[PDB]
Amino acid sequence: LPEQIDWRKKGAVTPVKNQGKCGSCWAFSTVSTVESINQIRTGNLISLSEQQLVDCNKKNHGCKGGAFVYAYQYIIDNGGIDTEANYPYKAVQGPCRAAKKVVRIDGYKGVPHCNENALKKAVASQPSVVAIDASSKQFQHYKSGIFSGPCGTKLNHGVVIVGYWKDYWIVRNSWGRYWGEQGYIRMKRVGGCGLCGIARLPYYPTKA
């Protein structure tokens, strides 16, 4: 496995987005991994719709929260997801609109829990979604450098790992460019269930 990898440098990641005052991180994180796997498999980088999930993914709760599994499942069952351009983000749940099926995935797989070595292996293949505890003030006000806590392991926020280094994970957040390092945060790799519990619940989409 590569000692380091950054999917942003491989053209598989779209510009940082902002979920605003809506609890839709479950959608932004999941959609991000779908945009990435599509580019890795087809060579085409397309920005997809988070708003579609917020409005139509009924198993989840719009701006009130949701789970990775139901998001990926919705995309699969629905036969695909539309683009950001055709179904723009409003930061508020609204009536589910009819949408085009531009990008599709075949399934999704979970990574063994609290095993950063396995997580590293998955990230080396494609960006993966993970849940973390983002309740600490230190995390919410992070600006730069390698974050090393403090933070607990109570899962309450969804983000995406788009790369790594020997000592840290490169994490893509959905709070816009003005948070952290242009929307990203480097989190120290500490083993066990990971910093802020980042290794507790990882998943990635699959596409033949």
# chains A, B, ... in the order shown; residues from 1 in each chain; ligands from 1

$ select_by_dssp --residues "segment 45-94 of chain A" --states "helix (DSSP H, G or I)" --output "PyMOL selection string"
chain A and resi 50-56+68-78

$ write_last_selection --atoms "C-alpha atoms" --output "tab-separated table (two decimals), in the first residue's frame"
chain	number	residue	atom	x	y	z
A	50	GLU	CA	-27.33	16.10	-1.69
A	51	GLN	CA	-30.70	17.88	-1.80
A	52	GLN	CA	-32.21	14.89	-3.59
A	53	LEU	CA	-31.38	12.67	-0.60
A	54	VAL	CA	-32.61	15.27	1.88
A	55	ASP	CA	-35.98	15.41	0.11
A	56	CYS	CA	-36.46	11.84	-1.11
A	68	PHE	CA	-25.01	6.05	5.80
A	69	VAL	CA	-26.59	2.67	5.07
A	70	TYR	CA	-30.03	4.08	4.18
A	71	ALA	CA	-28.45	6.78	2.02
A	72	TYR	CA	-26.47	4.32	-0.10
A	73	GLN	CA	-29.47	2.00	-0.22
A	74	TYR	CA	-31.72	4.80	-1.46
A	75	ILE	CA	-29.29	5.60	-4.27
A	76	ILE	CA	-29.20	1.94	-5.27
A	77	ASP	CA	-32.95	1.27	-5.07
A	78	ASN	CA	-33.78	4.54	-6.82

$ residues_around --residues "segment 160-165 of chain A" --least-positions-apart "5" --cutoff "10 Å" --atoms "only C-alpha atoms" --output "ChimeraX atom specification"
/A:2-9,12-13,28-33,36,119-120,122-131,170-174,184-189,198,202-204

$ atom_distance --atom1 "atom CA of residue 176 of chain A" --atom2 "atom CA of residue 42 of chain A"
27.1 Å

$ closest_residue --among "A:25, A:45, A:85, A:102" --to "residue 10 of chain A" --atoms "only C-alpha atoms"
A:45

$ closest_atom_pairs --of "segment 2-94 of chain A" --to "segment 152-157 of chain A" --cutoff "10 Å" --atoms "only C-alpha atoms" --output "tab-separated table"
residue	atom	partner	partner_atom	distance
A:23	CA	A:157	CA	9.1
A:24	CA	A:157	CA	9.5
A:25	CA	A:157	CA	6.7
A:26	CA	A:157	CA	7.6
A:29	CA	A:157	CA	9.5
A:65	CA	A:156	CA	9.1
A:66	CA	A:157	CA	9.9

$ write_last_selection --atoms "C-alpha atoms" --output "PDB file, in the first residue's frame"
ATOM      1  CA  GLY A  23     -28.303  18.523   9.599  1.00  0.00           C
ATOM      2  CA  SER A  24     -27.574  16.813   6.285  1.00  0.00           C
ATOM      3  CA  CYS A  25     -24.003  15.698   6.766  1.00  0.00           C
ATOM      4  CA  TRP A  26     -25.109  12.128   6.302  1.00  0.00           C
ATOM      5  CA  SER A  29     -20.516  12.610   3.126  1.00  0.00           C
ATOM      6  CA  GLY A  65     -30.093  13.461  10.584  1.00  0.00           C
ATOM      7  CA  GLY A  66     -29.682  10.094   8.905  1.00  0.00           C
TER       8      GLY A  66
END

$ closest_residue --among "A:199, A:151, A:208, A:1" --to "residue 105 of chain A" --atoms "only C-alpha atoms"
A:208

$ closest_residue --among "A:194, A:145, A:150, A:158" --to "residue 180 of chain A" --atoms "only C-alpha atoms"
A:145

$ closest_residue --among "A:94, A:20, A:88, A:79" --to "residue 48 of chain A" --atoms "only C-alpha atoms"
A:88

$ select_by_dssp --residues "chain A" --states "strand (DSSP E)" --output "number ranges by chain"
A: 5-6, 107-110, 128-132, 146-147, 157-164, 168-172, 184-188, 203-206

$ closest_residue --among "A:39, A:136, A:115, A:14" --to "residue 148 of chain A" --atoms "only C-alpha atoms"
A:136

$ decode --residues "segment 54-180 of chain A" --atoms "C-alpha atoms" --output "CSV table (one decimal), in the first residue's frame"
chain,number,residue,atom,x,y,z
A,54,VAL,CA,-32.6,15.3,1.9
A,55,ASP,CA,-36.0,15.4,0.1
A,56,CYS,CA,-36.5,11.8,-1.1
A,57,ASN,CA,-34.5,9.5,1.2
A,58,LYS,CA,-37.5,8.8,3.5
A,59,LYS,CA,-35.8,6.3,5.7
A,60,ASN,CA,-33.6,9.2,6.8
A,61,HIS,CA,-34.7,12.5,8.4
A,62,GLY,CA,-33.7,15.4,6.2
A,63,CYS,CA,-32.1,18.2,8.2
A,64,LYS,CA,-32.6,16.2,11.3
A,65,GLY,CA,-30.1,13.5,10.6
A,66,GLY,CA,-29.7,10.1,8.9
A,67,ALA,CA,-27.6,7.0,8.5
A,68,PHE,CA,-25.0,6.1,5.8
A,69,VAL,CA,-26.6,2.7,5.1
A,70,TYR,CA,-30.0,4.1,4.2
A,71,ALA,CA,-28.5,6.8,2.0
A,72,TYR,CA,-26.5,4.3,-0.1
A,73,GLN,CA,-29.5,2.0,-0.2
A,74,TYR,CA,-31.7,4.8,-1.5
A,75,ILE,CA,-29.3,5.6,-4.3
A,76,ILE,CA,-29.2,1.9,-5.3
A,77,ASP,CA,-32.9,1.3,-5.1
A,78,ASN,CA,-33.8,4.5,-6.8
A,79,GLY,CA,-31.5,3.5,-9.7
A,80,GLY,CA,-29.2,6.6,-9.4
A,81,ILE,CA,-28.8,10.2,-8.3
A,82,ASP,CA,-29.1,13.5,-10.1
A,83,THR,CA,-26.5,16.3,-10.4
A,84,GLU,CA,-26.1,19.3,-8.1
A,85,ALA,CA,-27.0,21.5,-11.1
A,86,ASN,CA,-30.3,19.8,-11.8
A,87,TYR,CA,-31.3,19.5,-8.1
A,88,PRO,CA,-29.6,22.3,-6.2
A,89,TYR,CA,-29.1,22.5,-2.4
A,90,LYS,CA,-31.5,24.6,-0.4
A,91,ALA,CA,-30.4,23.7,3.2
A,92,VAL,CA,-34.1,22.9,3.9
A,93,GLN,CA,-36.2,19.8,3.2
A,94,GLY,CA,-38.8,20.2,0.5
A,95,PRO,CA,-41.1,18.1,-1.7
A,96,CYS,CA,-39.3,15.2,-3.4
A,97,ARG,CA,-38.9,16.1,-7.0
A,98,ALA,CA,-38.6,13.8,-10.0
A,99,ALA,CA,-34.9,13.5,-10.9
A,100,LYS,CA,-32.6,12.1,-13.6
A,101,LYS,CA,-30.5,9.1,-12.9
A,102,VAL,CA,-27.1,10.4,-13.9
A,103,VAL,CA,-24.8,8.4,-11.7
A,104,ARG,CA,-25.4,4.9,-10.2
A,105,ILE,CA,-23.6,2.6,-7.9
A,106,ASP,CA,-23.9,-1.2,-7.4
A,107,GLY,CA,-23.6,-1.5,-3.7
A,108,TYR,CA,-21.6,-0.6,-0.6
A,109,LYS,CA,-19.3,-2.3,1.9
A,110,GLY,CA,-18.5,-1.7,5.6
A,111,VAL,CA,-14.9,-1.7,6.9
A,112,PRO,CA,-14.0,-3.8,10.0
A,113,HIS,CA,-14.6,-1.6,13.0
A,114,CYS,CA,-11.8,0.0,15.0
A,115,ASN,CA,-9.1,-1.3,12.6
A,116,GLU,CA,-7.2,1.6,11.1
A,117,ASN,CA,-5.0,-0.8,9.1
A,118,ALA,CA,-8.1,-2.1,7.3
A,119,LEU,CA,-9.4,1.5,7.0
A,120,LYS,CA,-6.0,2.5,5.4
A,121,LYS,CA,-6.5,-0.3,2.9
A,122,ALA,CA,-10.0,0.9,2.0
A,123,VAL,CA,-8.9,4.5,1.6
A,124,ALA,CA,-6.1,3.5,-0.6
A,125,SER,CA,-8.8,2.1,-3.0
A,126,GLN,CA,-11.3,5.0,-2.7
A,127,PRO,CA,-12.6,7.7,-0.4
A,128,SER,CA,-14.7,6.3,2.4
A,129,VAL,CA,-17.3,7.7,4.8
A,130,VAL,CA,-16.8,7.6,8.5
A,131,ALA,CA,-18.6,9.0,11.6
A,132,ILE,CA,-16.9,11.0,14.3
A,133,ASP,CA,-17.6,12.8,17.5
A,134,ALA,CA,-17.5,16.5,16.6
A,135,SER,CA,-19.0,17.8,19.8
A,136,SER,CA,-15.8,19.2,21.3
A,137,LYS,CA,-15.1,22.9,20.9
A,138,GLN,CA,-11.5,22.2,19.8
A,139,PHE,CA,-12.9,20.4,16.8
A,140,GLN,CA,-15.6,22.9,16.0
A,141,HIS,CA,-13.1,25.7,16.1
A,142,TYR,CA,-10.2,23.8,14.4
A,143,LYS,CA,-8.2,26.0,12.0
A,144,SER,CA,-5.0,24.3,11.0
A,145,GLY,CA,-2.4,21.6,11.8
A,146,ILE,CA,-2.7,18.0,12.8
A,147,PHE,CA,-5.7,17.7,15.1
A,148,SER,CA,-5.1,15.4,18.1
A,149,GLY,CA,-8.1,16.0,20.2
A,150,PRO,CA,-9.6,16.2,22.6
A,151,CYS,CA,-12.8,14.5,21.6
A,152,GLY,CA,-14.9,11.5,22.6
A,153,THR,CA,-16.2,8.5,20.7
A,154,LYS,CA,-19.9,9.4,20.6
A,155,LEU,CA,-20.8,9.3,16.9
A,156,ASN,CA,-22.7,12.4,15.8
A,157,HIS,CA,-21.2,13.7,12.6
A,158,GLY,CA,-20.4,12.3,9.2
A,159,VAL,CA,-17.3,13.1,7.1
A,160,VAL,CA,-15.2,11.6,4.4
A,161,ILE,CA,-11.6,10.4,4.4
A,162,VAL,CA,-10.0,11.3,1.1
A,163,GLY,CA,-6.4,10.4,1.9
A,164,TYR,CA,-3.7,9.7,4.4
A,165,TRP,CA,-0.2,10.1,5.5
A,166,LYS,CA,1.8,8.0,7.9
A,167,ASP,CA,0.6,10.0,10.9
A,168,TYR,CA,-2.8,11.4,9.8
A,169,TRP,CA,-6.0,11.0,7.9
A,170,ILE,CA,-7.1,13.8,5.5
A,171,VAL,CA,-10.7,14.4,6.2
A,172,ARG,CA,-13.2,16.3,4.1
A,173,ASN,CA,-15.9,18.2,6.1
A,174,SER,CA,-19.0,19.8,4.7
A,175,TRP,CA,-18.9,23.1,6.5
A,176,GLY,CA,-17.6,25.2,3.7
A,177,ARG,CA,-14.1,26.6,2.8
A,178,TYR,CA,-13.8,28.9,5.9
A,179,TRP,CA,-13.6,26.0,8.4
A,180,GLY,CA,-10.3,24.3,9.0
